[PDB]
Amino acid sequence: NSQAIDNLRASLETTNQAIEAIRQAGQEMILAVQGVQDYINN
Amino acid sequence: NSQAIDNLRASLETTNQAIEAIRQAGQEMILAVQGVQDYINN
Amino acid sequence: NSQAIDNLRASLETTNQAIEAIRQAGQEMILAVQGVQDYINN
Amino acid sequence: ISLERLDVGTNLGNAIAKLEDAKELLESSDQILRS
Amino acid sequence: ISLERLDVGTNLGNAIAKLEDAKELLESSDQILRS
Amino acid sequence: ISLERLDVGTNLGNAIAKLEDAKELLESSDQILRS
Ligand SMILES: [Mg+2]
Ligand SMILES: [Mg+2]
Ligand SMILES: [Mg+2]
Ligand SMILES: [Mg+2]
Ligand SMILES: [Mg+2]
Ligand SMILES: [Mg+2]
């Protein structure tokens with residue numbers, strides 16, 4: 001029914017948003033490892 | 001049909017569960033980087 | 001309708017593919033931290 | 001002498017904040033599905 | 001002398017185990033979708 | 001003397017490339033949903 005389709009779409013859009021937040025966490029973790037490498041080399 | 005709606009919901013719940021496992025992996029990776037920083041500083 | 005079901009399935013398959021790419025990024029980040037540990041120990 | 005210490009806590013803190021934002025969004029996704 | 005080595009292998013091993021648990025769940029999600 | 005420096009840039013670059021491949025797939029997923 002239209003509520004079931006709306007809820008599946010809304011859940012999947014929310015899930016996609018959650019995955020983007022995890023992707024951003026990954027970028028920050030990479031910056032942290034780069035900062036460890038810079039500290040060792042410097 | 002009801003099988004198609006049940007399968008989309010079950011797949012999305014399984015996908016959400018997979019994302020939580022990746023989120024937990026991220027937490028463990030952060031603990032590992034914290035352990036590298038502690039070892040360097042100590 | 002059949003377009004709505006096809007689009008939800010196609011979006012969820014694409015989302016699952018995106019999550020696998022993030023999972024692979026995590027594996028590479030782990031290899032980078034292992035390389036920092038090897039460099040410190042060696 | 002060097003008074004500098006290694007400190008990547010701001011990037012690691014930002015990463016934790018984003019993993020936590022993600023957790024709340026995954027719980028909201030599940031709430032919509034259960035409904 | 002210091003006989004300690006850096007060892008974050010348990011956290012990295014835990015991270016790998018969870019990325020692998022995630023892989024199996026993504027394959028199961030795809031199996032439900034193909035069906 | 002040691003002329004070696006720490007360089008994990010290839011694994012970190014690979015990780016960035018994959019996070020970026022993921023970003024493009026998430027945008028494509030959203031495009032299908034909006035449609
Ligand atoms: Mg927050
Ligand atoms: Mg809840
Ligand atoms: Mg396991
Ligand atoms: Mg299979
Ligand atoms: Mg690419
Ligand atoms: Mg777009």
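Residue numbers start from 1 in every chain, and the chains themselves are labelled A, B, ... in the order their sequence lines are given, proteins ahead of strands. In each ligand, atom 1 is the first atom listed, and ligand 1 is the first ligand listed. Keep in mind that the numbers below use all heavy atoms, side chains included, and drop hydrogens, waters and symmetry copies.
In this structure, C/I30 CD1 and F/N11 CG are separated by 11.0 Å, a value rounded to the nearest 0.5 Å. To the nearest 0.5 Å, atoms CD1 (A/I5) and CG (C/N7) are separated by 10.5 Å.
When atom types are taken as modelled, the side chain of B/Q37 and the backbone of D/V8 share a donor-acceptor pair closer than 3.5 angstrom.
Other residues, nucleotides and ligands contribute at most 12 non-hydrogen atoms within 6.0 Å of the CD atom of D/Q31. When the shell of 6.0 Å around CD of E/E24 is examined, it contains more than 12 heavy atoms from other residues, nucleotides or ligands.
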For residues 12-19 of chain B, dump all side-chain donor-acceptor pairs below 3.5 Å to protein atoms at least two apart in sequence or in another chain.
| unit_1 | atom_1 | unit_2 | atom_2 | d |
| --- | --- | --- | --- | --- |
| B/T14 | OG1 | B/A10 | O | 2.8 |
| B/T15 | OG1 | B/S11 | O | 3.1 |
| B/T15 | OG1 | C/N16 | OD1 | 2.7 |
| B/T15 | OG1 | E/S29 | OG | 2.8 |
| B/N16 | OD1 | A/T15 | OG1 | 2.7 |
| B/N16 | ND2 | D/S29 | OG | 3.1 |

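Around the Mg ion (ligand 1), the protein contributes the following N, O or S atoms at distances under 2.8 Å: D/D21 OD1.
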